[PDB]
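Raw work36.txt, compact mmCIF, C-alpha atoms and all ligand atoms:
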# COMPACT_ATOMS: atom_id res chain seq x y z
CA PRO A 1 -15.96 9.99 1.21
CA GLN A 2 -15.61 7.48 -1.55
CA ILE A 3 -12.09 7.64 -2.90
CA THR A 4 -11.41 6.20 -6.34
CA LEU A 5 -7.97 4.95 -7.35
CA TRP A 6 -7.31 6.50 -10.75
CA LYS A 7 -4.86 8.79 -8.94
CA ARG A 8 -2.92 8.22 -5.73
CA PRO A 9 -5.27 8.49 -2.69
CA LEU A 10 -3.54 11.48 -1.14
CA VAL A 11 -5.19 13.39 1.68
CA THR A 12 -4.23 16.10 4.12
CA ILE A 13 -3.38 15.05 7.67
CA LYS A 14 -2.74 17.15 10.75
CA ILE A 15 -0.10 16.11 13.23
CA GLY A 16 1.77 18.30 15.73
CA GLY A 17 -0.45 21.23 14.62
CA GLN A 18 0.87 21.02 11.08
CA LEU A 19 -0.77 20.00 7.83
CA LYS A 20 0.97 17.40 5.68
CA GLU A 21 0.09 15.32 2.63
CA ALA A 22 -0.17 11.55 3.13
CA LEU A 23 -1.14 8.42 1.22
CA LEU A 24 -4.06 6.20 2.30
CA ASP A 25 -2.36 2.82 2.01
CA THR A 26 -4.24 -0.44 2.55
CA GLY A 27 -1.02 -2.34 1.87
CA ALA A 28 0.70 -0.83 4.92
CA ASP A 29 0.23 -2.45 8.31
CA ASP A 30 1.61 0.69 9.98
CA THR A 31 1.63 4.48 9.66
CA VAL A 32 5.02 6.02 8.85
CA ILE A 33 5.79 9.70 8.43
CA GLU A 34 8.86 11.56 7.26
CA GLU A 35 11.20 13.12 9.87
CA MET A 36 9.51 15.37 12.34
CA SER A 37 9.48 15.99 16.08
CA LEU A 38 6.93 14.15 18.22
CA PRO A 39 6.57 14.22 21.99
CA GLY A 40 7.43 11.53 24.41
CA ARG A 41 9.49 8.37 24.40
CA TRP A 42 9.97 6.21 21.35
CA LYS A 43 10.65 2.51 20.80
CA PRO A 44 12.64 0.91 17.98
CA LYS A 45 10.99 -0.83 15.03
CA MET A 46 12.08 -2.09 11.63
CA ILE A 47 9.57 -2.11 8.78
CA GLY A 48 9.91 -4.10 5.53
CA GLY A 49 8.56 -3.05 2.23
CA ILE A 50 9.20 -3.43 -1.45
CA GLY A 51 12.93 -2.69 -1.32
CA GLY A 52 14.06 -4.02 1.98
CA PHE A 53 13.77 -2.51 5.45
CA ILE A 54 14.11 0.82 7.19
CA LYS A 55 14.60 1.64 10.90
CA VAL A 56 11.99 3.92 12.37
CA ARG A 57 11.02 5.47 15.69
CA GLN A 58 7.71 4.25 17.14
CA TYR A 59 5.59 6.83 19.03
CA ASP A 60 2.39 5.63 20.67
CA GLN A 61 -0.92 7.40 21.35
CA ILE A 62 -0.27 10.31 18.97
CA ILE A 63 -3.13 12.65 18.07
CA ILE A 64 -3.54 12.76 14.29
CA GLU A 65 -6.30 13.92 11.97
CA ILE A 66 -6.75 12.16 8.61
CA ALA A 67 -8.88 13.98 6.05
CA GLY A 68 -10.66 15.65 8.99
CA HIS A 69 -11.23 12.40 10.91
CA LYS A 70 -9.70 12.31 14.37
CA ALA A 71 -7.50 9.37 15.43
CA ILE A 72 -5.11 8.70 18.30
CA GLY A 73 -2.61 5.92 17.71
CA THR A 74 0.82 4.70 16.77
CA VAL A 75 2.92 6.79 14.40
CA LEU A 76 6.30 5.66 13.09
CA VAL A 77 8.88 8.29 12.04
CA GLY A 78 11.76 7.62 9.69
CA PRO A 79 13.16 7.87 6.22
CA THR A 80 10.01 6.85 4.39
CA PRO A 81 9.76 8.20 0.79
CA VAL A 82 6.19 9.46 1.36
CA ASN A 83 3.92 9.85 4.36
CA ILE A 84 1.87 6.64 4.66
CA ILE A 85 -1.39 6.15 6.56
CA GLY A 86 -1.68 2.42 7.14
CA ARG A 87 -4.25 0.05 8.51
CA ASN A 88 -3.73 0.86 12.18
CA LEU A 89 -5.23 4.33 11.51
CA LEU A 90 -7.44 3.46 8.53
CA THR A 91 -9.40 1.24 10.90
CA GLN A 92 -9.79 4.14 13.36
CA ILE A 93 -11.41 6.26 10.70
CA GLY A 94 -13.71 3.47 9.59
CA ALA A 95 -12.17 2.88 6.15
CA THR A 96 -13.06 -0.14 4.03
CA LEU A 97 -12.31 -1.33 0.51
CA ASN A 98 -15.40 -1.84 -1.62
CA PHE A 99 -16.03 -3.37 -5.04
CA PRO B 1 -17.68 -7.12 -1.29
CA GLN B 2 -16.83 -4.80 1.61
CA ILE B 3 -13.36 -5.63 2.96
CA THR B 4 -12.37 -4.35 6.38
CA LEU B 5 -8.79 -3.51 7.32
CA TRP B 6 -8.35 -5.28 10.66
CA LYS B 7 -5.97 -7.67 8.87
CA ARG B 8 -4.14 -7.47 5.55
CA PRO B 9 -6.69 -7.44 2.66
CA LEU B 10 -5.53 -10.62 0.94
CA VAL B 11 -7.52 -12.21 -1.87
CA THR B 12 -7.13 -15.05 -4.37
CA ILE B 13 -6.07 -14.12 -7.87
CA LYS B 14 -5.78 -16.16 -11.06
CA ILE B 15 -2.94 -15.11 -13.33
CA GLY B 16 -1.12 -17.02 -16.02
CA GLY B 17 -3.14 -20.13 -15.29
CA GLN B 18 -2.01 -20.06 -11.64
CA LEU B 19 -3.75 -19.31 -8.35
CA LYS B 20 -1.96 -16.94 -5.99
CA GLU B 21 -2.74 -14.92 -2.86
CA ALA B 22 -2.28 -11.17 -3.28
CA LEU B 23 -2.71 -7.93 -1.32
CA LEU B 24 -5.21 -5.23 -2.34
CA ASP B 25 -2.85 -2.28 -2.03
CA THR B 26 -4.06 1.30 -2.53
CA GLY B 27 -0.53 2.55 -1.86
CA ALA B 28 0.89 0.75 -4.89
CA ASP B 29 0.78 2.47 -8.27
CA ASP B 30 1.53 -0.86 -9.99
CA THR B 31 0.86 -4.57 -9.67
CA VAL B 32 3.86 -6.77 -8.84
CA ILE B 33 3.89 -10.55 -8.55
CA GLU B 34 6.58 -12.98 -7.38
CA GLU B 35 8.58 -14.80 -10.02
CA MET B 36 6.42 -16.55 -12.61
CA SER B 37 6.22 -16.92 -16.37
CA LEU B 38 3.97 -14.65 -18.44
CA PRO B 39 3.44 -14.47 -22.21
CA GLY B 40 4.58 -11.76 -24.57
CA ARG B 41 7.24 -9.16 -24.59
CA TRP B 42 8.62 -7.51 -21.51
CA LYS B 43 10.93 -4.66 -20.59
CA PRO B 44 12.89 -4.01 -17.38
CA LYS B 45 11.69 -1.51 -14.79
CA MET B 46 12.79 -0.31 -11.35
CA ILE B 47 10.10 0.14 -8.69
CA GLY B 48 10.78 1.81 -5.26
CA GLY B 49 9.31 2.19 -1.74
CA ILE B 50 10.23 1.30 1.82
CA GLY B 51 13.79 0.03 1.70
CA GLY B 52 14.48 1.32 -1.87
CA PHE B 53 14.14 -0.21 -5.33
CA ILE B 54 13.91 -3.60 -6.98
CA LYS B 55 14.25 -4.55 -10.62
CA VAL B 56 11.24 -6.21 -12.25
CA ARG B 57 10.02 -7.34 -15.66
CA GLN B 58 7.08 -5.36 -17.08
CA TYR B 59 4.49 -7.35 -19.07
CA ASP B 60 1.63 -5.45 -20.69
CA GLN B 61 -1.91 -6.53 -21.53
CA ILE B 62 -2.09 -9.34 -19.00
CA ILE B 63 -5.50 -10.80 -18.18
CA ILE B 64 -6.11 -11.35 -14.49
CA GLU B 65 -8.94 -12.41 -12.13
CA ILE B 66 -8.96 -10.74 -8.72
CA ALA B 67 -11.43 -12.10 -6.18
CA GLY B 68 -13.70 -13.18 -9.11
CA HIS B 69 -13.42 -9.90 -11.06
CA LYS B 70 -11.62 -9.92 -14.42
CA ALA B 71 -9.50 -7.18 -15.79
CA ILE B 72 -6.48 -6.51 -17.93
CA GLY B 73 -3.39 -4.41 -17.46
CA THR B 74 0.32 -4.25 -16.89
CA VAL B 75 1.78 -6.81 -14.47
CA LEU B 76 5.29 -6.55 -13.07
CA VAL B 77 7.22 -9.69 -12.08
CA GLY B 78 10.15 -9.81 -9.69
CA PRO B 79 11.42 -10.26 -6.14
CA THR B 80 8.53 -8.69 -4.27
CA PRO B 81 8.03 -9.97 -0.72
CA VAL B 82 4.26 -10.04 -1.20
CA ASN B 83 2.10 -10.32 -4.33
CA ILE B 84 0.57 -6.85 -4.72
CA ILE B 85 -2.51 -5.73 -6.65
CA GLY B 86 -2.03 -2.01 -7.16
CA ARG B 87 -4.14 0.83 -8.44
CA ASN B 88 -3.74 0.04 -12.13
CA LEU B 89 -5.89 -3.06 -11.58
CA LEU B 90 -7.89 -1.97 -8.51
CA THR B 91 -9.58 0.69 -10.66
CA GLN B 92 -10.64 -1.93 -13.19
CA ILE B 93 -12.43 -4.10 -10.63
CA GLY B 94 -14.25 -1.02 -9.30
CA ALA B 95 -12.46 -0.79 -5.97
CA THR B 96 -12.80 2.32 -3.85
CA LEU B 97 -11.78 3.32 -0.35
CA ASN B 98 -14.76 4.43 1.74
CA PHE B 99 -15.05 6.16 5.12
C1 LIG A 101 9.56 -7.30 3.71
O1 LIG A 101 8.33 -6.53 3.93
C2 LIG A 101 7.25 -7.39 4.17
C3 LIG A 101 7.29 -8.78 4.23
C4 LIG A 101 6.14 -9.50 4.52
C5 LIG A 101 5.00 -8.91 4.82
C6 LIG A 101 4.90 -7.47 5.00
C7 LIG A 101 3.95 -6.46 5.27
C8 LIG A 101 4.57 -5.27 5.08
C9 LIG A 101 4.05 -3.87 5.17
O2 LIG A 101 2.92 -3.60 5.54
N1 LIG A 101 4.95 -2.96 4.82
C10 LIG A 101 4.58 -1.54 4.69
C11 LIG A 101 4.74 -1.19 3.19
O3 LIG A 101 5.75 -0.61 2.77
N2 LIG A 101 3.72 -1.59 2.42
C12 LIG A 101 3.70 -1.36 0.97
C13 LIG A 101 3.31 -2.60 0.22
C14 LIG A 101 4.14 -3.79 0.58
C15 LIG A 101 3.69 -4.76 1.42
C16 LIG A 101 4.40 -5.89 1.75
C17 LIG A 101 5.64 -6.06 1.25
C18 LIG A 101 6.18 -5.10 0.41
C19 LIG A 101 5.44 -3.97 0.06
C20 LIG A 101 2.74 -0.21 0.69
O4 LIG A 101 1.44 -0.67 0.70
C21 LIG A 101 3.10 0.44 -0.67
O5 LIG A 101 2.60 0.01 -1.73
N3 LIG A 101 4.00 1.42 -0.68
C22 LIG A 101 4.62 2.01 0.53
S1 LIG A 101 5.95 3.08 -0.09
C23 LIG A 101 5.01 3.39 -1.62
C24 LIG A 101 3.85 4.38 -1.35
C25 LIG A 101 5.95 3.94 -2.67
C26 LIG A 101 4.43 2.01 -1.95
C27 LIG A 101 5.37 1.06 -2.69
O6 LIG A 101 6.15 0.31 -2.09
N4 LIG A 101 5.28 1.12 -4.03
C28 LIG A 101 6.19 0.33 -4.90
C29 LIG A 101 5.43 -0.22 -6.08
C30 LIG A 101 4.72 -1.42 -5.96
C31 LIG A 101 4.58 -2.12 -4.62
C32 LIG A 101 4.10 -1.95 -7.06
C33 LIG A 101 4.20 -1.34 -8.27
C34 LIG A 101 4.87 -0.15 -8.41
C35 LIG A 101 5.49 0.43 -7.32
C36 LIG A 101 6.18 1.77 -7.49
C37 LIG A 101 5.36 -0.66 5.65
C38 LIG A 101 4.96 0.82 5.48
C39 LIG A 101 4.28 1.16 6.81
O7 LIG A 101 3.84 -0.09 7.32
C40 LIG A 101 4.95 -0.97 7.06
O8 LIG A 101 5.89 -5.42 4.68
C41 LIG A 101 6.06 -6.79 4.60
Represent the structure from my file as C-alpha cells, please.
Amino acid sequence: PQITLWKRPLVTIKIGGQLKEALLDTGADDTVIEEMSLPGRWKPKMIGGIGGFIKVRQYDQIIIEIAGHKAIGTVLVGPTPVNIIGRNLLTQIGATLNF
Amino acid sequence: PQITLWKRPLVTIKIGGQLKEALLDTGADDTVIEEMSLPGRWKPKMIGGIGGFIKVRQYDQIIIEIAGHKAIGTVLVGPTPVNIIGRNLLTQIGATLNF
C-alpha cells in the first residue's frame, strides 16, 4: 500500500494468534508492544524516546504479521504507550519513505 | 526521493535561518526541534511518548525546508533528544510510507 500521513499510520498486526493495532513508526529503531506473553527467553534492554527511557523485555525471532505481511524478528515488550512497529520490522516488509 | 529504513532516515532541514539534521518520523504527530529561537508568539505544550512527557514551546506558521522541500506549519521547540519532523510537516512535503 501507499500510506499517507494525514492520520496516524495505524495498521493491524497479528502476534501470538491475536490481532492488535500498531503504529508504523519510521522514527523507532525497534518494535515495542504493550504487555503480553511471548514464548522463550528474554534479554534486558532500555529504550530512549521523547520523555526519557523505559525498560523492556527483548524477545528474538518472534513471528509477527504487519498489515498482512509476514515477518520474524525482534519484539520488545514493556510499558510503551502504543504498539510501535519500528525499522527492524519495517525493513522486513519492504517499507520505504517516498516524496 | 525513496528513503530506505536500514538506518535512521535523517535529512538536512533549514529552519530559522539555521541548518539542522532531523529525523523523518511517521510515529510523531508533531515536529519538535532542539532549543533555538523562532519568531512570533508561542504557547506552552506537553508532548509524550517513550519515557513520558516533556514541555515545549509551540510556534505556529513556521516556514521550513526539509530535504529541499518547503512547507509551513507548527514547530515545537524544547528538550528533544533528536530533531523530529513529524506528520504535520511530512504531509506537506508529500511523504508517504510504501510497501
Ligand atoms: C533518548 O532516546 C534517543 C536518543 C538518541 C537517539 C535515539 C533513537 C531512539 C528511538 O528510536 N527511540 C524509539 C522512539 O521512541 N522513537 C520515537 C521518536 C524519537 C526518536 C529519538 C528520540 C526521541 C524520540 C518515535 O518515532 C515516536 O515518534 N513516538 C514513539 S511513542 C509515540 C508514538 C507517542 C511517538 C512520540 O514520541 N511522540 C511524541 C511527539 C513528538 C516526538 C513530536 C511531536 C508531538 C509528539 C506527541 C523507541 C521506540 C521503539 O524503538 C525505540 O531514541 C533515541
From the list B:96, B:12, B:28, B:43, which residue is nearest ligand LIG 101 (chain A) when using all atoms listed in the file? B:28
Please produce chain B as a PDB file with C-alpha atoms, in the frame of the given file once it has been superposed on chain A, the fit using all Cα atoms paired in sequence order.
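The resulting file, part01.pdb, is reproduced below:
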ATOM      1  CA  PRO B   1     -16.110  10.328   1.187  1.00  0.00           C
ATOM      2  CA  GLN B   2     -15.722   7.806  -1.642  1.00  0.00           C
ATOM      3  CA  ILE B   3     -12.158   7.919  -2.999  1.00  0.00           C
ATOM      4  CA  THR B   4     -11.435   6.375  -6.376  1.00  0.00           C
ATOM      5  CA  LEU B   5      -8.082   4.840  -7.276  1.00  0.00           C
ATOM      6  CA  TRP B   6      -7.315   6.396 -10.662  1.00  0.00           C
ATOM      7  CA  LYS B   7      -4.520   8.338  -8.930  1.00  0.00           C
ATOM      8  CA  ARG B   8      -2.759   7.887  -5.598  1.00  0.00           C
ATOM      9  CA  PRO B   9      -5.265   8.429  -2.720  1.00  0.00           C
ATOM     10  CA  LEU B  10      -3.517  11.376  -1.085  1.00  0.00           C
ATOM     11  CA  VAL B  11      -5.164  13.398   1.669  1.00  0.00           C
ATOM     12  CA  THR B  12      -4.236  16.181   4.089  1.00  0.00           C
ATOM     13  CA  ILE B  13      -3.370  15.167   7.619  1.00  0.00           C
ATOM     14  CA  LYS B  14      -2.692  17.205  10.751  1.00  0.00           C
ATOM     15  CA  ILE B  15      -0.103  15.697  13.063  1.00  0.00           C
ATOM     16  CA  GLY B  16       2.051  17.301  15.706  1.00  0.00           C
ATOM     17  CA  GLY B  17       0.662  20.717  14.879  1.00  0.00           C
ATOM     18  CA  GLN B  18       1.754  20.328  11.237  1.00  0.00           C
ATOM     19  CA  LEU B  19      -0.100  19.830   7.962  1.00  0.00           C
ATOM     20  CA  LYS B  20       1.202  17.094   5.679  1.00  0.00           C
ATOM     21  CA  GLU B  21       0.047  15.171   2.604  1.00  0.00           C
ATOM     22  CA  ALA B  22      -0.218  11.416   3.132  1.00  0.00           C
ATOM     23  CA  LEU B  23      -1.261   8.263   1.263  1.00  0.00           C
ATOM     24  CA  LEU B  24      -4.230   6.121   2.348  1.00  0.00           C
ATOM     25  CA  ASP B  25      -2.478   2.767   2.133  1.00  0.00           C
ATOM     26  CA  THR B  26      -4.350  -0.500   2.729  1.00  0.00           C
ATOM     27  CA  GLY B  27      -1.124  -2.420   2.111  1.00  0.00           C
ATOM     28  CA  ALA B  28       0.616  -0.838   5.095  1.00  0.00           C
ATOM     29  CA  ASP B  29       0.183  -2.408   8.522  1.00  0.00           C
ATOM     30  CA  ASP B  30       1.557   0.766  10.150  1.00  0.00           C
ATOM     31  CA  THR B  31       1.608   4.524   9.722  1.00  0.00           C
ATOM     32  CA  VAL B  32       4.973   6.086   8.843  1.00  0.00           C
ATOM     33  CA  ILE B  33       5.725   9.780   8.446  1.00  0.00           C
ATOM     34  CA  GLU B  34       8.828  11.617   7.220  1.00  0.00           C
ATOM     35  CA  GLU B  35      11.142  13.096   9.816  1.00  0.00           C
ATOM     36  CA  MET B  36       9.359  15.301  12.345  1.00  0.00           C
ATOM     37  CA  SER B  37       9.237  15.810  16.092  1.00  0.00           C
ATOM     38  CA  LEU B  38       6.596  14.072  18.216  1.00  0.00           C
ATOM     39  CA  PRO B  39       6.045  14.106  21.987  1.00  0.00           C
ATOM     40  CA  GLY B  40       6.648  11.297  24.428  1.00  0.00           C
ATOM     41  CA  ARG B  41       8.762   8.238  24.534  1.00  0.00           C
ATOM     42  CA  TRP B  42       9.798   6.267  21.509  1.00  0.00           C
ATOM     43  CA  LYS B  43      11.520   3.003  20.681  1.00  0.00           C
ATOM     44  CA  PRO B  44      13.317   1.898  17.499  1.00  0.00           C
ATOM     45  CA  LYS B  45      11.658  -0.400  14.976  1.00  0.00           C
ATOM     46  CA  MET B  46      12.506  -1.887  11.577  1.00  0.00           C
ATOM     47  CA  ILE B  47       9.777  -1.891   8.918  1.00  0.00           C
ATOM     48  CA  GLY B  48      10.122  -3.758   5.540  1.00  0.00           C
ATOM     49  CA  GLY B  49       8.603  -3.951   2.026  1.00  0.00           C
ATOM     50  CA  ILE B  50       9.673  -3.356  -1.554  1.00  0.00           C
ATOM     51  CA  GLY B  51      13.410  -2.787  -1.454  1.00  0.00           C
ATOM     52  CA  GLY B  52      13.844  -4.082   2.155  1.00  0.00           C
ATOM     53  CA  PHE B  53      13.806  -2.416   5.568  1.00  0.00           C
ATOM     54  CA  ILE B  54      14.230   1.001   7.120  1.00  0.00           C
ATOM     55  CA  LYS B  55      14.749   1.973  10.733  1.00  0.00           C
ATOM     56  CA  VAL B  56      12.113   4.224  12.302  1.00  0.00           C
ATOM     57  CA  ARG B  57      11.135   5.664  15.672  1.00  0.00           C
ATOM     58  CA  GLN B  58       7.872   4.324  17.135  1.00  0.00           C
ATOM     59  CA  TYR B  59       5.712   6.829  19.055  1.00  0.00           C
ATOM     60  CA  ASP B  60       2.543   5.558  20.716  1.00  0.00           C
ATOM     61  CA  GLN B  61      -0.725   7.318  21.508  1.00  0.00           C
ATOM     62  CA  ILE B  62      -0.367  10.037  18.899  1.00  0.00           C
ATOM     63  CA  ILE B  63      -3.436  12.097  18.022  1.00  0.00           C
ATOM     64  CA  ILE B  64      -3.933  12.647  14.315  1.00  0.00           C
ATOM     65  CA  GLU B  65      -6.510  14.160  11.913  1.00  0.00           C
ATOM     66  CA  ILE B  66      -6.852  12.428   8.552  1.00  0.00           C
ATOM     67  CA  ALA B  67      -9.019  14.161   5.963  1.00  0.00           C
ATOM     68  CA  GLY B  68     -11.038  15.739   8.850  1.00  0.00           C
ATOM     69  CA  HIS B  69     -11.388  12.523  10.894  1.00  0.00           C
ATOM     70  CA  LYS B  70      -9.614  12.295  14.260  1.00  0.00           C
ATOM     71  CA  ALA B  71      -8.056   9.241  15.717  1.00  0.00           C
ATOM     72  CA  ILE B  72      -5.218   8.068  17.889  1.00  0.00           C
ATOM     73  CA  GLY B  73      -2.587   5.404  17.493  1.00  0.00           C
ATOM     74  CA  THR B  74       1.024   4.521  16.945  1.00  0.00           C
ATOM     75  CA  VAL B  75       2.944   6.685  14.460  1.00  0.00           C
ATOM     76  CA  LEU B  76       6.338   5.718  13.084  1.00  0.00           C
ATOM     77  CA  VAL B  77       8.832   8.402  12.014  1.00  0.00           C
ATOM     78  CA  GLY B  78      11.729   7.891   9.635  1.00  0.00           C
ATOM     79  CA  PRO B  79      13.058   7.988   6.080  1.00  0.00           C
ATOM     80  CA  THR B  80       9.920   6.946   4.242  1.00  0.00           C
ATOM     81  CA  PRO B  81       9.670   8.195   0.655  1.00  0.00           C
ATOM     82  CA  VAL B  82       5.983   8.998   1.115  1.00  0.00           C
ATOM     83  CA  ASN B  83       3.920   9.775   4.226  1.00  0.00           C
ATOM     84  CA  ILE B  84       1.755   6.675   4.707  1.00  0.00           C
ATOM     85  CA  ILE B  85      -1.481   6.220   6.654  1.00  0.00           C
ATOM     86  CA  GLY B  86      -1.720   2.493   7.272  1.00  0.00           C
ATOM     87  CA  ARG B  87      -4.333   0.146   8.623  1.00  0.00           C
ATOM     88  CA  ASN B  88      -3.786   0.951  12.290  1.00  0.00           C
ATOM     89  CA  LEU B  89      -5.304   4.388  11.643  1.00  0.00           C
ATOM     90  CA  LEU B  90      -7.478   3.612   8.596  1.00  0.00           C
ATOM     91  CA  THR B  91      -9.644   1.387  10.813  1.00  0.00           C
ATOM     92  CA  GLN B  92     -10.181   4.233  13.262  1.00  0.00           C
ATOM     93  CA  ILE B  93     -11.525   6.631  10.633  1.00  0.00           C
ATOM     94  CA  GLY B  94     -13.902   3.918   9.383  1.00  0.00           C
ATOM     95  CA  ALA B  95     -12.192   3.255   6.069  1.00  0.00           C
ATOM     96  CA  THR B  96     -13.122   0.207   4.037  1.00  0.00           C
ATOM     97  CA  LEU B  97     -12.315  -1.069   0.572  1.00  0.00           C
ATOM     98  CA  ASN B  98     -15.455  -1.649  -1.500  1.00  0.00           C
ATOM     99  CA  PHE B  99     -16.073  -3.388  -4.830  1.00  0.00           C
TER     100      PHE B  99
END
When the cut-off is 7 Å and we count all atoms listed in the file, which residues of chain A are near chain B, given as a CSV table (one decimal) with C-alpha atoms, keeping the file's coordinate frame?
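Resulting contents of out-v1.csv:
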chain,number,residue,atom,x,y,z
A,1,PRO,CA,-16.0,10.0,1.2
A,2,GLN,CA,-15.6,7.5,-1.6
A,3,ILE,CA,-12.1,7.6,-2.9
A,4,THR,CA,-11.4,6.2,-6.3
A,5,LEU,CA,-8.0,5.0,-7.4
A,6,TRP,CA,-7.3,6.5,-10.8
A,23,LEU,CA,-1.1,8.4,1.2
A,24,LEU,CA,-4.1,6.2,2.3
A,25,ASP,CA,-2.4,2.8,2.0
A,26,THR,CA,-4.2,-0.4,2.6
A,27,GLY,CA,-1.0,-2.3,1.9
A,48,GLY,CA,9.9,-4.1,5.5
A,49,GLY,CA,8.6,-3.0,2.2
A,50,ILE,CA,9.2,-3.4,-1.4
A,51,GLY,CA,12.9,-2.7,-1.3
A,52,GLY,CA,14.1,-4.0,2.0
A,53,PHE,CA,13.8,-2.5,5.4
A,54,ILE,CA,14.1,0.8,7.2
A,80,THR,CA,10.0,6.8,4.4
A,81,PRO,CA,9.8,8.2,0.8
A,87,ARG,CA,-4.2,0.0,8.5
A,91,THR,CA,-9.4,1.2,10.9
A,93,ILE,CA,-11.4,6.3,10.7
A,94,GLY,CA,-13.7,3.5,9.6
A,95,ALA,CA,-12.2,2.9,6.2
A,96,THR,CA,-13.1,-0.1,4.0
A,97,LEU,CA,-12.3,-1.3,0.5
A,98,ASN,CA,-15.4,-1.8,-1.6
A,99,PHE,CA,-16.0,-3.4,-5.0
Expressed in Å, the length from atom CA of residue 13 of chain B to atom CA of residue 65 of chain B is 5.4 Å
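When all atoms listed in the file are used to measure the gap to ligand LIG 101 (chain A), the shortest distance among A:68, A:40, A:16, A:78 belongs to A:78.
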Using the file's own x, y and z axes, what box holds all listed atoms of ligand LIG 101 (chain A) with 8 Å on each side, keeping edges along x, y and z, and what are its centre and edge lengths in Å to one decimal, as JSON?
{"center_x": 5.5, "center_y": -2.6, "center_z": -0.5, "size_x": 24.1, "size_y": 29.9, "size_z": 31.7}
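Of the residues under consideration (A:70, A:14, A:57, A:41), A:57 shows the shortest atom-to-atom contact distance to ligand LIG 101 (chain A) when counting all atoms listed in the file.
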Å distance separating atom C41 of ligand LIG 101 (chain A) from atom CA of residue 39 of chain B, one decimal place: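 Interatomic distance here is 28.0 Å.
Picture a line from atom CA of residue 77 of chain B to atom CA of residue 31 of chain A; it runs 26.5 Å.
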Any idea what's packed within 6 Å of residue 59 of chain A, counting all atoms listed in the file, ignoring anything in its chain fewer than 2 positions away? Could you give it as a PyMOL selection string? chain A and resi 42+74-75
Return the single residue from A:36, A:62, A:72, A:46 that is closest to ligand LIG 101 (chain A), with distances computed using only C-alpha atoms and all ligand atoms. A:46
Among B:61, B:44, B:35, B:30, ligand LIG 101 (chain A) is approached most closely, using all atoms listed in the file, by B:30
Closest to ligand LIG 101 (chain A) among B:22, B:66, B:38, B:71, using all atoms listed in the file? B:22
Save segment 18-30 of chain A to a file: N, CA and C atoms, as an mmCIF file, in the first residue's frame.
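File written: decode_2.cif
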data_model
loop_
_atom_site.group_PDB
_atom_site.id
_atom_site.type_symbol
_atom_site.label_atom_id
_atom_site.label_comp_id
_atom_site.auth_asym_id
_atom_site.auth_seq_id
_atom_site.Cartn_x
_atom_site.Cartn_y
_atom_site.Cartn_z
ATOM 1 N N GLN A 18 -3.164 -13.274 17.981
ATOM 2 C CA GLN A 18 -4.077 -12.215 18.337
ATOM 3 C C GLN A 18 -3.854 -11.004 17.462
ATOM 4 N N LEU A 19 -4.942 -10.353 17.120
ATOM 5 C CA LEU A 19 -4.892 -9.084 16.374
ATOM 6 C C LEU A 19 -4.772 -7.919 17.336
ATOM 7 N N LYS A 20 -3.899 -6.965 16.971
ATOM 8 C CA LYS A 20 -3.680 -5.755 17.745
ATOM 9 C C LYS A 20 -3.496 -4.606 16.778
ATOM 10 N N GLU A 21 -3.732 -3.384 17.247
ATOM 11 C CA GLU A 21 -3.452 -2.184 16.469
ATOM 12 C C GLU A 21 -2.027 -1.707 16.773
ATOM 13 N N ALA A 22 -1.311 -1.264 15.755
ATOM 14 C CA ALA A 22 0.042 -0.759 15.964
ATOM 15 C C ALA A 22 0.352 0.349 14.961
ATOM 16 N N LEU A 23 1.336 1.157 15.325
ATOM 17 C CA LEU A 23 1.759 2.344 14.606
ATOM 18 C C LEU A 23 2.993 2.052 13.767
ATOM 19 N N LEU A 24 2.948 2.352 12.476
ATOM 20 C CA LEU A 24 4.135 2.219 11.620
ATOM 21 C C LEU A 24 5.012 3.455 11.839
ATOM 22 N N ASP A 25 6.192 3.236 12.443
ATOM 23 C CA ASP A 25 6.954 4.331 13.032
ATOM 24 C C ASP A 25 8.399 4.335 12.506
ATOM 25 N N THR A 26 8.648 5.188 11.496
ATOM 26 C CA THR A 26 9.986 5.300 10.950
ATOM 27 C C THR A 26 10.988 5.943 11.906
ATOM 28 N N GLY A 27 10.502 6.614 12.947
ATOM 29 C CA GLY A 27 11.373 7.184 13.958
ATOM 30 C C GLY A 27 11.839 6.215 15.017
ATOM 31 N N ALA A 28 11.312 4.985 15.008
ATOM 32 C CA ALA A 28 11.653 3.987 16.015
ATOM 33 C C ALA A 28 12.643 2.999 15.447
ATOM 34 N N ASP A 29 13.765 2.809 16.158
ATOM 35 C CA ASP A 29 14.748 1.833 15.696
ATOM 36 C C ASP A 29 14.171 0.416 15.770
ATOM 37 N N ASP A 30 13.425 0.218 16.862
ATOM 38 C CA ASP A 30 12.921 -1.030 17.437
ATOM 39 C C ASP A 30 11.386 -1.146 17.372
#
